[PDB]
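Trainee: Just dropping this structure here.
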RNA sequence: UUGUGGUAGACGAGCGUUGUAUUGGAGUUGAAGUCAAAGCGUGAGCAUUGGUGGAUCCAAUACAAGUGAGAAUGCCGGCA
RNA sequence: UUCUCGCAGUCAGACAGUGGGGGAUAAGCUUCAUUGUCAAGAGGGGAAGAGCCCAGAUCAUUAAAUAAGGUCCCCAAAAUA
RNA sequence: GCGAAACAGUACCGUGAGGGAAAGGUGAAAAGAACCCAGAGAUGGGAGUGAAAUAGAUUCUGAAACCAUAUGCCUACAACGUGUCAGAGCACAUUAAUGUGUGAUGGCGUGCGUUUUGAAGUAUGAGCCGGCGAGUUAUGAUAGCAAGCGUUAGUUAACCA
Ligand SMILES: [Mg+2]
Ligand SMILES: [Mg+2]
Ligand SMILES: [Mg+2]
Ligand SMILES: [Mg+2]
Ligand SMILES: [Mg+2]
Ligand SMILES: [Mg+2]
Ligand SMILES: [Mg+2]
Ligand SMILES: [Mg+2]
Ligand SMILES: [Mg+2]
Ligand SMILES: [Mg+2]
Ligand SMILES: [Mg+2]
Ligand SMILES: [Mg+2]
Ligand SMILES: [Mg+2]
Ligand SMILES: [Mg+2]
Ligand SMILES: [Mg+2]
Ligand SMILES: [Mg+2]
Ligand SMILES: [Mg+2]
Ligand SMILES: [Mg+2]
Ligand SMILES: [Mg+2]
Ligand SMILES: [Mg+2]
Ligand SMILES: [Mg+2]
Ligand SMILES: [Mg+2]
Ligand SMILES: [Mg+2]
Ligand SMILES: [Mg+2]
Ligand SMILES: [Mg+2]
Ligand SMILES: [Mg+2]
Ligand SMILES: [Mg+2]
Ligand SMILES: [Mg+2]
Ligand SMILES: [Mg+2]
Ligand SMILES: [Mg+2]
Ligand SMILES: [Mg+2]
Ligand SMILES: [Mg+2]
Ligand SMILES: [Mg+2]
Ligand SMILES: [Mg+2]
Ligand SMILES: [Mg+2]
Ligand SMILES: [Mg+2]
Ligand SMILES: [Mg+2]
Ligand SMILES: [Mg+2]
Ligand SMILES: [Mg+2]
Ligand SMILES: [Mg+2]
Ligand SMILES: [Mg+2]
Ligand SMILES: [Mg+2]
Ligand SMILES: [Mg+2]
Ligand SMILES: [Mg+2]
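Below is the structure:
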């Protein structure tokens, strides 16, 4: 027999954060956003207690897609009907709804789970410099 | 204050007056055993193992773990074998850390 | 030997009886040692001697 | 001599039923479904003992990897430095140190960092 | 202090009687009688008779106040069935199962009556453990 | 020291049921049955206590079997 | 793995590599020779796969080093040029 | 066990020959519940007899499937062979045991027999529970093991007591 390891008993050290996606790549921003949301980078990681900090993303429309992906890569959404497959190009996503694009990209990098719903909830993505989230006093960190 | 001992094959971090469970040591209850292999003690950590660093422990009980039923079954192959295991342990509490 | 403790010479009385119907744990369950679905596994038997 | 079955079938059946206690509906009531669930549960328990031995190692590796990235060092080089310095400590106890004894865990990383190998 | 009344082999089915019994559990005496006297169901003029008999033998036999009685539990247990052969078409036949219910109504005066039942269960468990300890003491003594 | 995956199959060692023969023992101060519980065994299996029950049962060594049920669109009874 | 005696089961095979026949250098086709696996064999890789690769499960351990394979996230683990 | 422990070759099926069931146990003794209450009554609740009435004629014991009631835990954004390994919180306290009941959440996970090269199987068999249900006997042959008797050995069958 042996000594069991310490696991957090639903302890919430969660904090609020701010990042600026002025010129960040979509994938490079999404991977670090997922890591921050899951709390994998935290010293004590108990993978059933959602010990991950909140995150707010500013300037979503200002993100970039390298190469010809703004006109050659398509995002697909199918309703339960026939023919309800809506397609949007990279440029159209970058203009019409950029917040949804970043939200979907971050969601895709999470495990199929019942906690991933709460994890994707803790991502507040905005398309402008303004945000109604200044009451949380969120700390500012770059490229995360 | 703390030490890293190696009883059996596992490594235990032990404080003063801490009771941990190890594999059977063949020692009667009540004796004063001296664990030899010590990795880290206080702040001086020896690379293979610390020399002369001894962990003094007292054996509390020699009980057995919970019964485990191993039922091997090969589906649609006329093979249903059953077995039981009750692994013996020994519980010991740290008394003093030899300098 | 008394009538309350009477014993045979070892390896003279009791030998392993091959019970053909009592479970697979004895190695003689289900099929009971006949094989599988052929003439020798039916109730008839092993045909004729010399056949 | 007509031997009649009674208390033989029921006892061995109730053992299986007792093992399958806490199941969903008929999986604890009927002997047949209870027997199947116990066998399947035994298979699961066997497989998950092996898988527990591997999954807890992975969790310790993850925690240790995280604890190192805060200081600028990586897991792949930390273990190499540990080997060259002859230090032999489980990732379990090392992770337990980084969660319980931050100062002493930092002491181990400081020695493996720069001190002469052996 | 539970008073009760019973009725074996009631013609109503347990399925159609539990629907009416759930309308009176936990209700006061007068209100339960009022509710059951104006419900257009067959299993309403039979539970009413059982309820009235239970009130009578609670305030006469067991000596209860009569203004504190509430319906503790009214249930319709499964009674013995009767098998008949219904002639089907093309020479076939089916089995009609006439269902009967064993009705029982119980009323109490104390609004904490469940606690005493749990207490009796606990007392039985305690006596079992006490017997085990005395047997252990006897084993070590020898 | 070399080993211990396993179907068809071969070999060896055991458990359990009923009864009989020899010994001993328990039982209206409560036997069998029967239910529950946080026990013991490597496995068939074996105990302890309490409730119900109201008269037989247990241990050892041998012997004889209508001696071991999850499946046969299996039979009967009950209930979904 | 040779000889003697007792008791068998097996006579429907499958796929992968290699050399061919039949087919059309088609078949997850059919028929042979040989090396392996499955049948009767779990584990890891192949996203999922009986037969491909690494190997052979006595039971327990929340110990360590490795094979095929891999190290942005899902998912354990990398950096330089 | 005779099909038939009871009034069984009966009930019942068929024009007929013919086919053919199920069903036992109150208590030592009926002392079988007078009487009161509710109800139309059966009946139920008391009273009484009895050692026992949760032995009450539904009459020895009373298992499971099945149907209801309740203490405690969980459950209405949730992809589920229903379990397993970890795991908070909640509620208790035992064949005193690193205890028990539930399980927010994380990782893994396509039943059992049959027959097939190959079945999670869009092949097959089982609605569930309980009982019954399939390697025997007689006479001989061979082989293994063991015992008795032995080198002019060994052993009786029928039958008699
Ligand atoms: Mg076999
Ligand atoms: Mg054979
Ligand atoms: Mg064949
Ligand atoms: Mg067959
Ligand atoms: Mg054959
Ligand atoms: Mg049986
Ligand atoms: Mg007609
Ligand atoms: Mg029906
Ligand atoms: Mg083997
Ligand atoms: Mg006997
Ligand atoms: Mg008893
Ligand atoms: Mg039989
Ligand atoms: Mg071939
Ligand atoms: Mg062929
Ligand atoms: Mg080929
Ligand atoms: Mg060719
Ligand atoms: Mg060819
Ligand atoms: Mg082929
Ligand atoms: Mg085969
Ligand atoms: Mg394999
Ligand atoms: Mg795989
Ligand atoms: Mg092996
Ligand atoms: Mg390594
Ligand atoms: Mg490599
Ligand atoms: Mg990783
Ligand atoms: Mg007639
Ligand atoms: Mg009465
Ligand atoms: Mg009845
Ligand atoms: Mg009875
Ligand atoms: Mg919810
Ligand atoms: Mg949602
Ligand atoms: Mg899915
Ligand atoms: Mg799940
Ligand atoms: Mg789970
Ligand atoms: Mg699944
Ligand atoms: Mg079988
Ligand atoms: Mg077929
Ligand atoms: Mg076929
Ligand atoms: Mg299906
Ligand atoms: Mg078909
Ligand atoms: Mg068929
Ligand atoms: Mg079917
Ligand atoms: Mg059956
Ligand atoms: Mg012989």
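Residue numbers (the authors' numbering), protein chains in the order written: chain i, 3 to 146; chain q, 1 to 99; chain k, 1 to 51; chain p, 1 to 118; chain r, 1 to 142.
Heads up, the beta-carbon is just placed ideally off N, CA and C, and yes, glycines get one too.
If we count the other Cβ atoms within 10 Å of its Cβ and call it buried at 16 or more, is residue 96(p) buried or exposed?
Mentor: buried
Trainee: Given a cut-off of 8 Å on the beta-carbon distance, is the pair residue 20(r) and residue 71(r) in contact?
Mentor: no
Trainee: Express the C-alpha separation of residue 63(i) and residue 87(i) in angstroms, rounding to a whole number.
Mentor: Computed Cα separation, rounded: 24 Å.
Trainee: CA-CA distance, residue 2(i) and residue 54(i)?
Mentor: Residue 2(i) is absent from the structure shown; chain i starts at 3 and stops at 146.
Trainee: Tell whether a beta-carbon distance below 8 Å holds between residue 46(q) and residue 39(q).
Mentor: yes
Trainee: If you draw a straight line from the alpha carbon of residue 38(r) to that of residue 95(r), how long is it in whole angstroms?
Mentor: 35 Å
Trainee: Taking the alpha carbon of residue 59(q) as the point to measure from, which residue in 94(q), 50(q), 71(q), 81(q) has its own alpha carbon closest?
Mentor: Closest by alpha carbon: 94(q).
Trainee: Counting contacts by CB-CB distance shorter than 8 Å, is residue 74(q) in contact with chain p?
Mentor: no
Trainee: Within the present structure, is the beta-carbon of residue 30(k) separated from the nearest heavy atom of ligand 36 by less than 7 Å?
Mentor: Yes - ligand 36 has a heavy atom lying nearer than 7 Å to the Cβ of residue 30(k).
Trainee: Name, going along the chain, the residues of the stretch 5-35 of chain i whose beta-carbon falls closer than 8 Å to a beta-carbon of chain p.
Mentor: Listed in sequence order: 5, 7, 8.
Trainee: Quick one: what does DSSP say residue 29(r) is sitting in, helix, strand or coil?
Mentor: If DSSP states are grouped into helix, strand and coil, residue 29(r) belongs with the helices.
Trainee: Can you look up residue 77(i) in the DSSP assignment and give me helix, strand or coil?
Mentor: DSSP places residue 77(i) in strand when its eight states are reduced to three.
Trainee: So with CB distances below 8 Å, who are the chain p contacts of residue 43(q)?
Mentor: 104, 107
Trainee: Would you report the Cα separation of residue 33(i) and residue 37(q), rounded to the nearest angstrom?
Mentor: 44 Å
Trainee: What is the rounded straight-line gap between the Cα of residue 46(k) and the Cα of residue 35(k)?
Mentor: 12 Å
Trainee: Run through the stretch 21-51 of chain p for me and flag every whole alpha helix (DSSP H) of 4 or more residues, listed as ranges in chain order.
Mentor: 26-29
Trainee: Let's test the definition: count the other Cβ atoms within 10 Å of the Cβ of residue 86(r) and tell me whether it reaches 16, buried, or not, exposed.
Mentor: exposed
Trainee: Quick one: which chain q residues come within Cβ less than 9 Å of residue 18(k)?
Mentor: Simply none; closest approach about 17 Å.
Trainee: Please check if any C-beta of chain i sits within less than 8 Å of the C-beta of residue 13(q).
Mentor: yes
Trainee: Could you tell me whether any Cβ in chain i is nearer than 8 Å to the Cβ of residue 88(p)?
Mentor: No, residue 88(p) does not count as interfacial toward chain i.
Trainee: Measure from the alpha carbon of residue 129(i) to the alpha carbon of each residue in 29(i), 11(i), 48(i), 103(i), then state which is nearest.
Mentor: 103(i)
Trainee: Residues in the same chain with beta-carbon distance under 6 Å from residue 52(i), minus the five sequence neighbours each way, listed in chain order, please.
Mentor: 117, 120
Trainee: For residue 35(i) versus residue 125(i), is the C-beta distance shorter than 8 Å?
Mentor: yes
Trainee: Hey, which residues come within less than 7 Å of ligand 2, measuring from Cβ to any heavy atom, in chain order?
Mentor: 33(k), 34(k)
Trainee: Kindly list the residues whose CB is nearer than 8 Å to the CB of residue 2(r), restricted to its own chain and excluding five residues on each side of it in sequence; keep chain order.
Mentor: 72, 106, 107, 108, 113
Trainee: Expressed to the nearest angstrom, what Euclidean distance is found between the alpha-carbon atoms of residue 31(i) and residue 113(p)?
Mentor: Rounded to whole angstroms, residue 31(i) to residue 113(p) spans 31 Å at the Cα level.
Trainee: Does the distance from the CB of residue 36(r) to the CB of residue 44(r) come in under 8 Å?
Mentor: yes
Trainee: Strictly under 8 Å for the Cβ-Cβ distance: is residue 30(k) near chain q by that measure?
Mentor: yes
Trainee: At least one CB of chain q closer than 8 Å to the CB of residue 15(k): is that the case?
Mentor: no
Trainee: Since residue 31(p) and residue 57(p) should fall inside the 8 Å C-beta cutoff, what is the C-beta to C-beta distance between them, to a whole number of angstroms?
Mentor: Incorrect: roughly 40 Å between the Cβ atoms, too far for contact.
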